[PDB]
Amino acid sequence: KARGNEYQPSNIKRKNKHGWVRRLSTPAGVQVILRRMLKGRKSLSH
Amino acid sequence: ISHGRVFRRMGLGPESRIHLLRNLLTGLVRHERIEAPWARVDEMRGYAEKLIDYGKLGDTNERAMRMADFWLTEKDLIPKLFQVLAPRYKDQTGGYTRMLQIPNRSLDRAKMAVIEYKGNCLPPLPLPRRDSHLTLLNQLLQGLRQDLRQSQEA
Amino acid sequence: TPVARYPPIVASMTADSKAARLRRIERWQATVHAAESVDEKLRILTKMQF
Amino acid sequence: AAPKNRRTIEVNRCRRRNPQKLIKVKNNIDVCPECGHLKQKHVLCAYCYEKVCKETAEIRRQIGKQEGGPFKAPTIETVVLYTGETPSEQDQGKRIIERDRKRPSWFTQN
RNA sequence: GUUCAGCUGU
RNA sequence: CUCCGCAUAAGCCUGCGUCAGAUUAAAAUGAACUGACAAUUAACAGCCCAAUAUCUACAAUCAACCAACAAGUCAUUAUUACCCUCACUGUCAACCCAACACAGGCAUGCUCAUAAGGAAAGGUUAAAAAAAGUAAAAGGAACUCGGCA
RNA sequence: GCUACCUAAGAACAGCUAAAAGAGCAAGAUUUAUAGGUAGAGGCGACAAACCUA
Ligand SMILES: [K+]
Ligand SMILES: [Mg+2]
Ligand SMILES: [Mg+2]
Ligand SMILES: [Mg+2]
Ligand SMILES: [Mg+2]
Ligand SMILES: [Mg+2]
Ligand SMILES: [Mg+2]
Ligand SMILES: [Mg+2]
Ligand SMILES: [Mg+2]
Ligand SMILES: [Mg+2]
Ligand SMILES: [Zn+2]
């Protein structure tokens with residue numbers, strides 16, 4: 001019956017899923033950081 | 001259609017209506033002069049008059065005490081009713097309260113009234129006063145009245 | 001020859017006021033005086049965790 | 001139902017400026033004899049009423065001090081006495097409220 | 001399971 | 001009126017404390033907006049542990065009796081090594097995910113009807129239509145795709 | 001971080017017949033918090049061809 005409440009915030013999940021260490025863990029994630037660095041993102045990751 | 005419907009619909013329903021009037025009546029007895037929306041003061045005025053009549057029955061009267069107990073939420077007022085208000089009006093047969101419209105209140109522009117128990121200590125309200133007898137129109141009518149006396153005497 | 005029976009001059013038990021709350025505090029304290037055993041007394045005095 | 005067409009300003013002025021929409025001039029306004037301020041004939045003067053309420057509030061504050069608590073309504077009549085006044089024989093055996101002020105001219109001792 | 005009996009401003 | 005409430009966890013991150021304001025809510029006191037100032041103090045909680053070998057058949061259920069089956073959260077010793085002390089961090093709020101008429105969602109402990117927490121009515125009038133509720137003569141599913149038990 | 005299934009280690013469940021325990025009225029093929037796993041030529045599915053943050 002609830003709508004639009006997909007987000008159930010969890011800091012452990014947020015860091016583990018999208019964190020800095022997670023991004024560096026694989027080459028694709030490292031390229032994610034590189035793209036954001038190129039674009040000049042203020043936040044490269046969570 | 002509301003032909004012959006003497007009572008107003010107020011608050012959240014019948015029971016809420018009585019409680020709203022009871023709270024206004026309780027405030028009037030304690031303070032002897034309150035100001036509230038005109039329609040609510042007008043609706044409560046009848047109960048204010050009748051409450052004095054029950055007070056005249058006396059505290060010994062069981063039915064009167066039951067009425068005062070229900071209508072007066074603050075119990076210290078019950079002695080005031082029987083021992084102060086009722087004796088004050090012992091001579092009068094009615095007209096215990098006076099109700100006057102006051103300016104609309106600022107917030108919601110509601111029509112407002114002031115109601116008091118006649119004979120309270122508080123400073124007198126600026127009652128409306130009829131024109132002086134000494135005015136030009138009243139003097140012409142005073143002369144006419146005097147002549148009708150002479151004609152009636154003859 | 002009856003006398004005048006007035007209602008006691010106490011605060012309302014259900015009103016939203018300071019005196020009404022003090023009368024409701026006297027109401028639960030009256031159940032501790034009415035409690036027979038000591039267990040019942042201790043239960044009432046310590047069941048509200050704040 | 002959605003509007004079929006935009007209403008023109010010409011049509012809207014006729015609606016908005018119709019006499020039925022205009023504020024009516026009031027003819028019951030008058031001048032209060034006591035204070036000289038404006039009032040309506042059937043309504044108490046706002047200036048005079050506020051004057052009574054101001055004094056009434058001070059008296060009620062004095063009544064509160066004497067009672068000194070709730071549910072202490074007295075069982076006798078009350079009389080207000082201003083500075084320089086003494087209890088009358090009629091005003092004897094009554095709760096006395098003392099106001100640190102001269103009796104207002106409009107407020108007449110009875 | 002119906003019919004029936006019973007109740008309801010349907 | 002109570003539909004809750006208080007606390008913890010999770011989330012959130014200063015988000016109704018003081019002062020001031022020309023800002024703001026329907027509201028020129030309030031203020032959750034703006035400026036300045038202040039604040040949550042560890043005992044609760046988080047943050048733990050020397051090595052090598054070795055040990056660990058007997059559920060829980062008031063565990064006793066009578067029983068089982070889906071067969072179960074709870075344990076060491078030996079020798080070596082080791083003299084030192086109370087750091088660091090969380091601690092505020094009217095709070096979160098949502099929806100934008102609470103539409104709704106939300107773990108645990110305690111209270112089991114409150115000692116805690118709250119206000120359905122801006123004022124009036126009392127037309128229709130509409131929504132909900134209550135009462136209803138006689139009849140009691142008749143007239144209706146199809147009532148209820 | 002929705003949802004489906006699964007893994008780890010947790011938690012919850014008044015009374016009433018109550019032998020039998022069972023969605024009987026009102027303890028289970030139950031519900032539920034936390035972390036993790038399975039990814040689009042795919043995953044997952046007591047299979048709606050559904051669901052996998054519209
Ligand atoms: K916050
Ligand atoms: Mg039938
Ligand atoms: Mg400790
Ligand atoms: Mg705290
Ligand atoms: Mg309270
Ligand atoms: Mg309201
Ligand atoms: Mg109304
Ligand atoms: Mg309204
Ligand atoms: Mg009928
Ligand atoms: Mg038929
Ligand atoms: Zn005047």
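Here is how names work: the chains are called A, B, and so on, in the same order as the sequence lines, proteins then strands, and each is numbered from 1. Any value given below was found using the heavy atoms of this structure, including those in side chains, with hydrogens, waters and symmetry copies removed.
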Legend entry - NZ/NE/NH1/NH2 to OD/OE distance under 4.0 Å, D/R95 and D/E77: no
Legend entry - Donor-acceptor pair (no angle test) under 3.5 Å: B/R9 side chain, F/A126 base: yes
Legend entry - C1' spacing across the pair F/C1 / F/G118, given as an integer number of angstrom: 7 Å
Inset, instruction - In whole angstrom, give me the gap between the P atoms of F/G90 and F/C47. - result: 15 Å
Inset, instruction - Using the six-membered ring of each base, decide whether F/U40 stacks on its neighbour F/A39 (centre distance under 5.5 Å, planes under 30°). - result: no
Legend entry - For B/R40, all residues meeting salt bridge (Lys or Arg N to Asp or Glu O under 4.0 Å), sequence neighbours excluded: none
Legend entry - Nearest-Å distance once atom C1' is located in both F/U34 and F/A26: 22 Å
Inset, instruction - Determine if the base of F/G15 is syn or anti; take syn to mean the glycosidic torsion is within 90° of 0. - result: syn
Inset, instruction - Report the residue (A/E6 or B/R109) whose heavy-atom-nearest nucleotide on RNA chain F is the more 5′ of the two. - result: A/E6
Legend entry - B/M112 CE - F/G122 P separation (whole Å): 16 Å
Legend entry - Exceeds 12 heavy-atom contacts within 6.0 angstrom, atom CZ of D/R6: no
Legend entry - Short side-chain N/O contact from A/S10 to OP1 or OP2 of G/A35, under 4.0 Å: yes
